Protein chains: 2
Amino acid sequence: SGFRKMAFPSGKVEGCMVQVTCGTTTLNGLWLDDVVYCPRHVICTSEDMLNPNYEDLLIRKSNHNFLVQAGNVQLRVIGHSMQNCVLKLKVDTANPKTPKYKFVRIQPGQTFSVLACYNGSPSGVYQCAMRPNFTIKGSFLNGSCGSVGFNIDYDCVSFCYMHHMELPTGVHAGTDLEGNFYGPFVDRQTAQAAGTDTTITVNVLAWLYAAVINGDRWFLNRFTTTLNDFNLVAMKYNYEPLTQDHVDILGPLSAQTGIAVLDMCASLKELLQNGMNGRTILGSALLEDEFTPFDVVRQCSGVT
Amino acid sequence: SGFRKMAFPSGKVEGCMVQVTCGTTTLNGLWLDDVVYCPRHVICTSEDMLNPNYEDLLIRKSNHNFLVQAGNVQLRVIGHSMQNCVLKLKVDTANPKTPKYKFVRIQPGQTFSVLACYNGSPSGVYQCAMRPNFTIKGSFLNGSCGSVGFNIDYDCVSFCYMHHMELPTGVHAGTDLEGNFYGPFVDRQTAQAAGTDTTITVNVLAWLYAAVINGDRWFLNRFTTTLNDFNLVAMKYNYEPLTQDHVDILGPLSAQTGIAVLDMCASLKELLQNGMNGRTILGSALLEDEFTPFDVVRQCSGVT
Ligand SMILES: *CC(=O)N1CCC(C(=O)N(C)c2ccccc2)CC1
Ligand SMILES: *CC(=O)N1CCC(C(=O)N(C)c2ccccc2)CC1
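Residues numbered from 1 in each chain as written, not as in the entry; some residues may be left out. Chains lettered and ligands numbered in written order. Heavy atoms only, no water.

Looking at the method and resolution fields of the entry, one finds X-ray crystallography and 1.7600 Å.

Caption draft 1: Spotlight on the site of ligand 1. Residue and element names in this part refer to chain A. Around ligand 1, the surrounding shell consists of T25, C44, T45, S46, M49, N142, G143, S144 and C145. The separation between an oxygen atom of ligand 1 and a polar side-chain atom of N142 is 3.1 Å. When grouped by side-chain class, the residues that make up the shell around ligand 1 number three nonpolar, six polar and no charged. Composition of the shell around ligand 1 by domain shows at least three residues from each of domain 1 (1-14 + 100-197) and domain 2 (15-99). (Near = heavy atom within 4 Å. Polar contact = N/O pair within 3.5 Å; in protein donor to acceptor, adjacent residues only side chain to side chain. Nonpolar A, V, L, I, M, F, W, Y, C, P; charged D, E, K, R; others polar. Domains from an automatic or database assignment.)

Caption draft 2: Main features of the pairing of strand β7 (residues 86-91) of chain A. Residues and elements named next belong to chain A. Pairing of strand β3 (residues 35-39) with β7 involves five bridges; the strand directions are antiparallel. Across the sheet, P39 pairs through a bridge with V86, a residue of β7. Bridge count between strand β6 (residues 77-83) and β7: six bridges; the pairing is antiparallel. For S81, the partnering residue across the bridge sits in β7 and is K88. Linking two consecutive strands that pair antiparallel, namely β6 and β7, is a turn of two residues; a positive phi of about 55° is found at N84 within it. (Pairing = 2+ DSSP bridges. Helix = DSSP H or I, 4+ residues; strand = E, 2+ residues; numbered from the N terminus.)

Caption draft 3: Inspection of the sheet that holds β6 of chain A at higher detail. Residues and elements named next belong to chain A. Spatial ordering of the open sheet is given by β5-β4-β1-β2-β3-β7-β6, a layout of seven strands whose pairing is antiparallel. At either margin of the open sheet sits one strand with a lone partner, and together these are β5 (73-75) and β6. Put simply, the sheet's adjacent strands are angled 30° from each other on average, direction ignored. When strand β1 (residues 17-22) meets strand β4 (residues 66-70), the two strands line up antiparallel, connected through four bridges. Paired with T21 across the two strands is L67, which belongs to β4. (Axes fitted to C-alpha atoms, helices over the stretch in contact; angles between N-to-C directions.)

Caption draft 4: Spotlight on the interface of chain B and chain A. Contact residues are listed per partner, giving 43 residues for chain B and 43 residues for chain A. For the pair chain B and chain A, the summed buried area comes to about 3,000 Å², and 53% of that belongs to carbon and sulfur atoms. Of all residues in chain B, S1, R4 and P9 of chain B give up the largest surface area on contact with chain A, accounting jointly for 23% of the area buried on that side. Our count for the chain B to chain A interface comes out at two salt bridges. (Contact = heavy atoms within 4.5 Å. Buried area = accessible area lost by both parts, 1.4 Å probe. Salt bridge = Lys/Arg side-chain N within 4 Å of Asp/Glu carboxyl O.)

Caption draft 5: Main features of the pattern of salt bridges. Enumeration according to the criterion identifies 22 salt bridges over all chains in this entry. A salt bridge links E290 of chain A to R131 of chain A, with the nearest nitrogen and oxygen atoms 2.9 Å apart. Residue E290 of chain A is found in the loop between α7 (261-274) and α8 (293-301), and its partner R131 of chain A is found in the loop between β10 (121-129) and β11 (148-153); the two are separated by 159 residues along the sequence. Neither residue differs from the other here; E290 of chain A and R131 of chain A are each classed as buried. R40 of chain B is paired through a salt bridge with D187 of chain B; the nearest N and O atoms lie 2.8 Å apart. With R40 of chain B in the loop between β3 (35-39) and α2 (54-59) and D187 of chain B in the loop between β13 (172-175) and α3 (201-213), this pair connects stretches of sequence that are 147 residues apart. Residues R40 of chain B and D187 of chain B agree in their burial class; the two are buried. In this structure, a network of salt bridges that share partners links the residues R4 of chain A together with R131, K137, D197, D289 and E290 of chain B. (Buried < 20%, exposed > 50% of the residue type's maximum accessible area, 1.4 Å probe, protein only.)

Caption draft 6: Molecular detail of the relation of the copies chain B and chain A. Screw-axis analysis of chain B against chain A gives a translation of 0.0 Å along the axis, an RMSD of 0.0 Å, and a rotation angle of 180°. In short, the pair behaves as if placed about a two-fold rotation axis. No C-alpha of chain B lies nearer the rotation axis than that of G11 of chain B, which sits 1.8 Å from it. Of the interface residues in chain B, 100% have counterparts in chain A that sit at the interface too, so the contact is made through matching surfaces. (Least-squares fit on C-alpha atoms.)

Caption draft 7: Examining helix α7 (residues 261-274) of chain B more closely. Residues and elements named next belong to chain B. Over its 14 residues, α7 extends 20 Å from the first C-alpha to the last, a length consistent with the 20 Å expected when each residue adds 1.5 Å. If you check which residues of α7 are buried, you get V261, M264, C265, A266, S267, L268, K269, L271 and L272. Of the surrounding elements, those touching the buried residues of α7 are α3, α4 (227-236), α5 (244-249) and α6 (251-257). Once α7 finishes, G275 follows within two positions and takes phi at roughly 75°, a positive value. (Expected span 1.5 Å × (residues − 1).)

Caption draft 8: Looking closely at unusual backbone geometry. Residues and elements named next belong to chain A. One non-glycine residue, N238, lies in positive phi territory at about 55°. On the accessibility criterion, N238 (40% relative accessible area) is partly exposed. Phi at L282 is positive, roughly 50°, even though this residue is not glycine. Inspection of the secondary structure puts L282 in the loop between α7 and α8.

This is the structure we're talking about:
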């Protein structure tokens, strides 16, 4: 028992982190096979970032300008191309530690682990969620750009995120591994405000199931609700509307605990309308929304 | 910017996890050099655990009874000995992936990362603290025993914890790597209740500094306090008494932010006496105490 915010083991991704330098700028790169992926803003100067024309700035760069270092050994760059907002630096050596991998584009509500790196060196690992406004609440300093978000399915790493920007409100923006930003964010230093940060309703319900499974049951009540009734309450509190897909996705947890999804919705409805009353659920004083139903199932069963 | 509960990169420790089986029981073992460390309760049957005489149960076991498997390759056991509550299985092969390491016994308030494993396979990584009552709030299922807690100082892993028990209240107990349990817990299925779970005051103050550094400043007030006055309030709310050592330990953070430690104590005093008033600090609705001043400094600067 016990339920914790748990990141995937980072070993497989640590073996992929390299340091990329272009001029005065040093950020991280992901080394898979003979390609190093990194944010294209590595070629910008602090002046360029205000309004950069990346195709133009890239014409001024050659293979030898991209300094790629894996630990203390330098990698030879034999090609360079821009794919959307990432650079793909072809190296002469395939990464011997390349795990089995996929590049996936996740949806908001989906969670992943971030291996925070600086100078191609990993510093820590934490669990994030792609927020419904396509931002992530990360922990990234200068030098952390190029750090990746991933999920692991047994031995295959599904890379979903690469860090690019910090919005002036402290939230983070980045791309999938094809260089397409999540949401409307651009790799430009401009006025990009994040939209409403809605709460991931299905994730809160999943975490309520995790709590019942681990002994925290005080919030269970004698009520039920409907999807439409619950949604009126979810609307009021800036929660994602609950769909029959989310109800179906919650099925395995409903089955295991014996609590119908709509009854758990009525518990969540009461928690929204009345607060926690100074109580906690899984050691938290607010409704946690960065555990998916799959994360709850994984942790509650011990998937490796 | 952004502050997250961050675990150390788990790569170095993943390469040490092995599966240990003794009879019907399968748990995890730590493979460093030619020794595999595992909880001594691996030799118990569910009947034995009520009142086990480990020296007696161990006489019935030989080197060939300890089945040690690293991935799909079996390790030959050439020796076995009991050190306090852990078994040390000498193998014929030194772990090629043995990182630089230390075995350290941490104090309560100190934090570490747990690589949760099942059948010698890592499932996830999360950050814990050794609670002042010598328990940890982990996430461990059956099969997770033998999972370790660690800290990393550049390339040296300091192993501090090995999982052994789950108390009937959902909290966890284990040993350092010399087999000595933290606190008064024993590897016996008996009535072991955890003591008062006091809040790690110095860690809360450190996390308040992390919050100011990242933009959350609403809780800052026009008050100050003394160590003795603050301690009257800390006593009332089951907080650890603040010492001049903790004030000194907070020095670097006080210096960086310009907020005197005692002024931050007065902010913490007001938060204790008045609550958060439905507000949050670093995305949390309660006072976080599992970030040490060193963790705040590390994350706020990007130590790899
Ligand atoms: C996220 C990251 O690693 N980086 C973005 C900020 C950047 C930096 O420190 N400065 C000042 C800069 C350089 C070039 C272009 C814009 C801003 C380091 C890399
Ligand atoms: C923590 C851990 O991995 N283990 C302790 C519980 C144990 C188990 O499932 N049972 C039923 C058991 C076996 C032997 C002795 C006591 C309890 C699996 C290992």
